[PDB]
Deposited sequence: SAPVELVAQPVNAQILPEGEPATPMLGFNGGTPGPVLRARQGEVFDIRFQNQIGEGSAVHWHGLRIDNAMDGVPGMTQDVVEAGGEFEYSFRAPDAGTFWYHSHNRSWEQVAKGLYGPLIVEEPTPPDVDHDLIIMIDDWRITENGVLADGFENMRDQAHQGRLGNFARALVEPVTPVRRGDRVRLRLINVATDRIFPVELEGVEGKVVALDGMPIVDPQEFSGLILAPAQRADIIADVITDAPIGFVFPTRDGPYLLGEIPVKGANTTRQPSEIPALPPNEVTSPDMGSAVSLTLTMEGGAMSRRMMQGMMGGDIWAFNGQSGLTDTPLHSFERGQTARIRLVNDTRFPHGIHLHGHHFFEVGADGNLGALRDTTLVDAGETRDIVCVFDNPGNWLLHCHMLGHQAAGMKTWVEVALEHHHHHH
């Protein structure tokens, strides 16, 4: 109050123990950066400090917040020059798993480590024994631990668990999964636990769902509540044609006897404004544009058609708003803040532009070095 958030050189143990640590950029002496926590309705007061030798800023990914705080240089603020600072101060209005990252993380390799989790707590959280954050990323790391259309097949992927804590058989765990990769889509199979997906992208779903077949595109989150059903570690698996790849695990020791069986509860809802009908806009996949995609009056509904006529899937992130993906049948599906449009595919989204200001719509071609559309509200 304010917590200092210092972007700086750091080291991280990415490769296994006994193998070399990896030099990179991070926050506050590590990567991932610190877990930022606040109760729904409360103020995050963050003093950002740039010790990385180049222009920077921080995006709070999924925060439906004051525009001045969104972290988009040349649109929402001046870039934070090296050696400079920026005071980020906003109320978080929705409970859930969010994250934060340098504004240029999707297209600057040096910014690889410049991210961390942002947790907005429910006023009365659900009954769980452990609340763990699972950040899944992949890496191309040389023989001595230095970070290395990529030419490369994805090789070293890990699920980083925060905190690393021993869990008991019979514990009820909340697992906050975050795909923090910029360029990789991760199917994620859970092993050793039983329960349900209870939120996506920080937004609680009405009826909790099986987690089988779960896929996370870049920047997407899923919350899982589940019971630890065995003595084997909890495992996070990336299923592949060549067999399962182990992302990581939560070691299990001992047993919980005091917890009696129960339904996996649903999360309390966040305020979602029902769409009505809107200005059809279409956007096809191919330093900001001089004019916006559209300039809305506050509170209007929009249907955006996203046309991907390239050979590569694009990750799509809309700032300051959540939106509905539209299913194969024409109506509302997942409410997300980040979506994925596969190559040669079209996806519609539906958004109620209720948050005022100038909001990046960021489309990133996976595996490609990008560097820019927006919406006026």
* Structure fact -> Stretches of deposited sequence not represented by any CA atom are 1, 150 to 159, 298 to 323, 409 to 410, 417 to 425
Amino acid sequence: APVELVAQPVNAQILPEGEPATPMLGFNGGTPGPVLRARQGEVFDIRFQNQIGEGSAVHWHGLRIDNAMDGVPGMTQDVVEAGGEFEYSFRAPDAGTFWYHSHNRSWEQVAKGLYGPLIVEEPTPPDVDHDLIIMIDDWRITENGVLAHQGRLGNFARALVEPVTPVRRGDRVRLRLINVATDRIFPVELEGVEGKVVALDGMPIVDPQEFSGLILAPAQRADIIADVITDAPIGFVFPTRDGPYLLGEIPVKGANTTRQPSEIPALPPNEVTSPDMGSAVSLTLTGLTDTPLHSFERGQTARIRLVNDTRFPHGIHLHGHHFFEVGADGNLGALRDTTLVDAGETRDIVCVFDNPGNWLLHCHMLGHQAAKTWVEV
From here on, numbers count along this sequence of modelled residues.
* Structure fact -> For 350 to 358 versus 6 to 14, entry-based mean Cα B-factors point to 350 to 358
* To do: Could you settle it for me: does 24 to 32 or 317 to 325 have the higher average Cα B factor in the PDB entry?
  => 317 to 325
* Asked: Of 116, 235, 239, 299, which one's C-alpha B factor is largest in the deposited record?
  -> 299
* Structure fact -> Per the deposited B-factor column, the C-alpha that peaks among 81, 138, 231, 162 belongs to 231
* To do: Just say lowest, middle or highest third for the CA B-factor of residue 248 relative to the other modelled residues in its chain.
  => lowest
* **Chain third (lowest, middle, highest) by recorded CA B-factor, residue given as residue 174** => middle
* Third of the chain's Cα B-factor distribution that residue 303 belongs to, per the entry -> highest
* Once the chain's modelled residues are ordered by C-alpha B factor and cut into thirds, is residue 57 in the lowest, middle or highest one? -> lowest
* **Ranked against its chain, the third holding the CA B-factor of residue 221** => lowest
